[PDB]
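S.K.: sequence-free structure coming up:
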């Protein structure tokens, strides 16, 4: 019928144009993210950009703290970002409540994936236009990255990037794990993994950075933290002295 | 007084060798008045036998309830229902009424037709699979029966010897009781074919 | 919003009519031929499967024949998915009647109840109908053997001989010509196999593509033996009639 | 009815008896009070028998679900939390007294849950009606860091002392030993206290000793061919 | 359903020519165990109305909340709607009243007795009573709890009718309330030496005199008798 | 407000429900999967694919466990497969494991899932799941059994079948390859050989997901001393095993 | 119907056209004039008959003994809103022992319009109300729109030829503010105000409907031969 | 025809609905929020449309709980609904946790409520920009809330028709005082830049409203400016623009 794509219904090609369109709204902030696995840590960086000075820079964020061990990095519009953040925090509380231990990242990936599926099966839900990266350090699975997308599909990774120009970053990561011959960087301090990540980002995007142009989130064991600008500056200085 | 004790009624069940036996009395009365001496308490679904004791109205209600289900099972799986899964079924349906409970005792008696195994099971008011491979009793003279049965029983009986044992176990317990006695039926349940014998036993 | 996109499929046409019903009937003539012939001694239900492959298993298949109760079975033609729901609802109604009267349901009651259920979907709710047609074979003491057909509208009619699904009109003419007022179950079996042999879309009619069941007064003194045959018995009676 | 759960550095051993009573009557000489929440998380139940089995039923189903979701082996505390909730809601109209014991990728564990929604921890818990008699032995003979041989011993002897100082206890002694990193072993009938003496004469009776009033045949076998 | 668990003692009060005085003692009793000391049962709402709540501290917290909420609701709108659409004693009274009644009807009572003491925008006295039955009544002298018939006789001995109010001066009223706190502290088993006092005047508004001590007691003559006789 | 209670699925004028037609087209868009029923087991095999080669595929599954005797495998949409596996487990426990305390026969479960598909075809506010599932299992009364549930809500039993975009060719191959007596070993070799015609990419045990409903494993039981209960008849084969069978072709 | 249809849409102009359609309900309504001094509020409404055998249709609804509303536009909508207002006025008398303030009730009415403007399947009400009252803060005249806009004015009008009344009030504005304690004068000025908004529809003694509220006077409706003193 | 509902997407990342709401907001009057060191100063331009109005008898700035001022532009009735909703939520928090709601917490609440109106066909997204802020115990904060359900931190925010002028002037004010200014000193500045934002609007005459919530002068409660202070601010601006 004339409606195949104002509601979630297959096309004559056997398809969902609507969900496609969701994927075509993940590149509007044009933020890029890069996430790699250390040996005992997980590191993720994202861009920060403010179009005006009259914003306060602190509040502009894309790294959202969901659990105490799971960080969430969002690619796509910020309204949907906030709705997703709220969803996830609810589910985390509820897992702790019903099973007696904090939510694993894997379980959260899948819970959020199934909610996604439900938004693309009900004829009056609009799907989220956000790709979520879940970074964690598990004690049963180790440092892990799970990526879910508006489809409700998710997959694991050794490393991954997101954004409009994230192919460049894919090249970088590919060559890096080509030389290393192993699925994670062998580094025993989270600092140097931040450093490596920023190096690959400068190479990939072709542009140098500053403390106010970055945003860094680190998942160590049994915690998650974000660095402030002051600590990011120090990483940048130690890059030049490699 | 307590509902189960308003009729009386008892069920005894024994395993033998390659056979089982289940037996009941036929008295159904209201407290002092014995009303009917034609009321079967043993029913059968396929080739599971279900004996039921306790409160009168629950006997019949449970009976048709189970009918409804086992009919489903057959129309669906296109096989008769095995006594074991029927044991689980009894347990579940009892525990569904945990508040506003039922006042009954089911005794499940059957033979696996897949291995030829006698299988018996017991229940009381809310549920509680009562595991045995020796014998199960229920009713309001379960005491008298437990004593009788424990003394006489000898593992791995022959079918006809099983008949003798269960008959006597029932008769003497029933005339030591005031809420049982009017008549008795014994089912000797073989592997192929089921014999129903009513026993001559003293009225009152 | 939502009124925007509403299609309104339970409204009339200028005909006074319902397109969805017509379309369901159209889609059932894409489904298999199912045949019911009533003998004076029993009822033959003969259904032809829609799919057949030398890799298909047809030995656990009862895709067309279902027991609603151990007096009443059906032949199903149409959307299988919708039919499954109605089948279990039917069984539940049967057991309910048995529950409250402790006596087996007449064929009348069940056929009508299902018709009402179909009627509800066409009447209101904005839903599409369940696209199934049933041939009911049943025995009751009040009217004896009873043969019924009901359609997605929620209407039933009794018959002496009937065909549904593909080539309704052709098989009907055949049955006219070859019907006897009283028949045997053997004569009825013969007529059924023959009619499906002249209406089958593959040059040959085979046991592995036949579902075949009867309800017979072989069992005596007011007992009826249902039989859902094995394909290997269908084979033998297919050689009896000389098709193979 | 006595249940001991004894914790030691290499796992946990949980032991129980098999007499189930119905008041002064012994309902059953053999049942298994040891249930399976999961292959690696066994529990035993005391108190109302119906209420024990049915709840372990319910949550065993639920935890299996949960485990298949997380594609990960279950926890002890997962089960324990579910239980706590479910009981608290009827506000103690369900009388369950469970020892929940189990190993997992976090170690050995031993918890006890009451019939209200209370829970306690120890290296060393005892529940049921014979719990007192077990406890007595258990505190003189216990020490930290048992091996599995020692722990098995201690559990089983506490159970007998329960048999011999409690009337609701009696029967074979079943044990289940759950060790870290190994499949759980069910030592059923580990030690048999009390064998039934031999009847002084048989009580088989000749045929035809009882009367038959009439007889009939009915065949539930099938509905008929012809 | 609900019954007294943690309780305060008594609120006392009276009218005088230009306003009202209301006072309460600072005690949270847990039965015989005097478990909480320094607990204040006068709660100002507005700036010319003191609401003294007796009965349970438990329910008292959840009424304390609602007074503040009403202030918030009333302040919502133009700047003229908090200058002179402000809450009045007669408004506050009705609010507390209605909520208590409806909880009594549902059979889950708010177990308190409340005195609402203030002066109007019109320039009038307002001193009124409500309790856990829904009974309301006004009088020139009021108390709650055990002081309903311990302290109140004394206060009603000063001002017998409403036409002796313009004859009573604010300092005589002062004296009477102190005196009656002294009597309470004598002859009642749950009483605290600490009391809070508030004076609502229509010419200077609310002045809240906190943590007065009861002084000038008599114990001299309990050495001139001995035994039970 | 909401008024999506009218079906989005209707009859087409030419007789058919258009939406299942579109969904069945969507199934020929996905991965390829097949299942062979042997006399003494069943084998199910599928391809692992990911967006990127740097994505993990060991933390991802296309053969999922519904019960210790029953596995599923799909061709079609991933997201749709995921939720529906969970629902299958769900109704398997609430309506057979609370009512009979044990796991369902293969067939019973098949119908349980066909209803969910059916109510995705009925009842406005939904569209069909765009998957075909193979439900392979073993029950103790009809032995080994292999079913296919389609986007429509029907099922069919098969002796061997394939789903996905390479289905026409695969089925023609299995036409000769199937035999009246087949050994589970031989069926393993056969399934690999067929899905090799179907797969262009690198061929290892790390990309071919193999699972067997073969025979019971007392070692996967997780406990001992119970002879009455036996182990799962399902098993997922990890990569090591499958790497031998690459060489045994 | 491109963007014009539905109360859920935008409107590349930022608008919604349903609102303007509903303001046409004001335009096809008959004129009514409200004016207030600091001690009296007066509403002067032009009733209107259907024909000669028909009577005139009321235009002023008593809400309370100090509060009144007069409709302009569809009668059936006016009916929903008037009930609502009386409901909460009696509420405020009950719970707070207090007259319901005008300024406040405007806001309540605001939200009640907003939410039929929110949901699909609602509509904006097609009636605009003039609400006068006298409370502890004095006289008040509120103007209520189909948009849901409440405004406080010295004197205003709605209906057909509302402009010709506004100009009149623009000249005589500072006259009627200085007249206080003489309600008669305010009433005469309102009669003269609505004379400018006639279609040669002459003022009769049963076509004109007066209603007043004062410091010292409850809300009153004059009709019949009570209006002859001013005509 | 992807302009029809909010739950539709388009292959341009656009959801035309929500963009159109911004044009409703572009129709409102100037409204500024000045973030100062001590608190926040809001001001609204109140057009005097006719000589029949009662002046200073209509407020477009309404307070929520007592320490969060809220001033909105766009559709006045619609924004009115939004403020009502936010008061419900504020009182809920206050009952449940015994403290006046923090400003970031408030921000979460309102953002979620407006984000909600784009996920259902049943509702229309609100066409209002809100500016809300105040003093809590973790300091003064300022937020501007989009009809899109987006928001950020701000050192100065504006909306309306004379937003062009206002934004530029605020840029200057942060260049005059990069360490900030007093809320006392900001009264005069709000006057100034509203006056400057009325030359794009110089069809009419208007009345100036100013309100502020600062810790140093109102003790952290949201009060209005009046009297000699208000009129002095008026005169200040008046002399500047002549």
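M.R.: Structure's in. What do you need? Numbering: from 1, shown residues only, chains lettered A, B, ... in the order given.
S.K.: what residues are up against residue C:99?
M.R.: Residues in contact with residue C:99 (CB atoms under 8 Å, 6 or more residues apart in numbering or on different chains) are B:64, B:67-68. All C-beta atoms are positioned from the backbone trio N, CA, C, and that covers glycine.
S.K.: Apply 10 Å and report the result again.
M.R.: Shown in contact with residue C:99 (CB atoms under 10 Å, 6 or more residues apart in numbering or on different chains): B:64-65, B:67-68, B:71, C:92.
S.K.: Confirm it sits in a helix?
M.R.: Yes: the assignment for residue C:99 is a helix, going by DSSP: H, G, I helix; E, B strand; the rest coil.
S.K.: measure it to residue B:93 for me?
M.R.: Separation of residue C:99 from residue B:93 (CB to CB, to the nearest Å) stands at 14 Å.
S.K.: could you say which helix or strand contains residue 71?
M.R.: As the question left the chain open, I've gone with chain A. strand A:70-75 (DSSP states H and E).
S.K.: Not quite, go with chain F.
M.R.: Judged by DSSP H and E, residue F:71 forms part of strand F:70-76.
S.K.: does any bit of that strand sit next to chain B?
M.R.: No: against chain B, strand F:70-76 shows no contacts by CB under 10 Å from any CB of the partner chain, the least distance being 15.3 Å.
S.K.: Pull the contacting residues for the closest residue to chain G within chain C.
M.R.: Closest approach between chain C and chain G, counting by CB to the nearest CB: residue C:1, at 4.2 Å. Residues in contact with residue C:1 (CB under 10 Å, 6+ apart) are A:124, F:1-4, G:5-9, G:119-121, H:4-7, H:120-124.
S.K.: buried subset of those?
M.R.: The neighbour count (16 or more other CB atoms under 10 Å in any protein chain shown) marks A:124, F:3-4, G:6-9, G:120, H:4-7, H:120-124 as buried among those.
S.K.: Pick out the residue of chain C closest to chain E.
M.R.: For chain C, CB to the nearest CB, closest residue to chain E: residue C:1, 33.8 Å.
S.K.: cool, chain G as well?
M.R.: Closest point on chain G to chain E, by CB to the nearest CB, is residue G:97, at 4.1 Å.
S.K.: quick one: the helices in the chain?
M.R.: Just going to use chain A. A:17-23, A:78-99, A:105-119, A:166-180, A:190-205, A:229-240 (DSSP state H).
S.K.: should've been chain H
M.R.: Along chain H, the stretches classed as helices by DSSP H are H:16-25, H:76-97, H:103-116, H:163-176, H:183-196, H:227-241.
S.K.: Of all these, which one is nearest residue A:195?
M.R.: Relative to residue A:195, the nearest member of the helices of chain H by CB to CB is helix H:103-116, separated by 32.0 Å.
S.K.: Output the contacting helices and strands for the closest one.
M.R.: Contact partners of helix H:103-116 among helices and strands, from 3 or more CB pairs under 10 Å, 6 or more residues apart in numbering or on different chains; DSSP states H and E: helix A:78-99, strand H:68-74, helix H:76-97, strand H:128-136, strand H:139-145, strand H:151-153.
S.K.: any chance of those in JSON lines, plus mean neighbour count and distance to residue F:191?
M.R.: Putting the helices and strands packed on helix H:103-116 into JSON lines (neighbours: other CB atoms under 10 Å in any protein chain shown; distance: least, CB to CB, whole Å) gives the following:
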{"stretch": "helix A:78-99", "mean neighbour count": "18", "distance to residue F:191": "38"}
{"stretch": "strand H:68-74", "mean neighbour count": "26", "distance to residue F:191": "64"}
{"stretch": "helix H:76-97", "mean neighbour count": "18", "distance to residue F:191": "59"}
{"stretch": "strand H:128-136", "mean neighbour count": "27", "distance to residue F:191": "62"}
{"stretch": "strand H:139-145", "mean neighbour count": "22", "distance to residue F:191": "59"}
{"stretch": "strand H:151-153", "mean neighbour count": "22", "distance to residue F:191": "56"}
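S.K.: Quick check, residue G:28 in contact with residue G:48.
M.R.: No: look at residue G:28 against residue G:48 with CB atoms under 10 Å: they stay out of range, at 11.5 Å.
S.K.: shared neighbours, these two?
M.R.: Joint contacts of residue G:28 and residue G:48 (CB under 10 Å, 6+ apart) do not exist.
S.K.: Buried ones in the helix or strand where residue B:57 lies, by neighbour count?
M.R.: Using DSSP H and E, residue B:57 maps to helix B:56-77. Neighbour-count burial for helix B:56-77, counted by 16+ other CB under 10 Å, picks out B:56, B:58-59, B:62-63, B:66-67, B:69-71, B:73-77.
S.K.: do that helix and chain D meet at all?
M.R.: No: residues of helix B:56-77 are not located near chain D by CB under 10 Å from any CB, the shortest gap being 11.4 Å.
S.K.: same check, this time on stretch B:183-199
M.R.: Yes: Stretch B:183-199 lies within reach of chain D by CB under 10 Å from any CB, at B:183-187, B:189, B:192-199.
S.K.: Put the buried members of the residues you listed into a PyMOL selection.
M.R.: Buried residues among those (16+ other CB under 10 Å), as a PyMOL selection:
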select buried, chain B and resi 183+184+185+186+187+189+194+195+196+197+198+199
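S.K.: and which of the residues of stretch B:183-199 next to chain D is nearest residue H:71?
M.R.: Nearest to residue H:71 out of the residues of stretch B:183-199 next to chain D is residue B:189 (CB to CB; 86.8 Å).
S.K.: got a list of what the closest residue to the closest one other than its chain neighbours touches?
M.R.: Computed as CB to CB, 6 or more residues apart in numbering or on different chains, the closest residue to residue B:189 that is not its neighbour in sequence is residue B:20, at 4.9 Å. Taking CB under 10 Å, 6+ apart, we find residue B:20 in contact with B:13-14, B:49, B:83, B:109-111, B:117-120, B:135, B:159, B:162, B:166, B:187-191.
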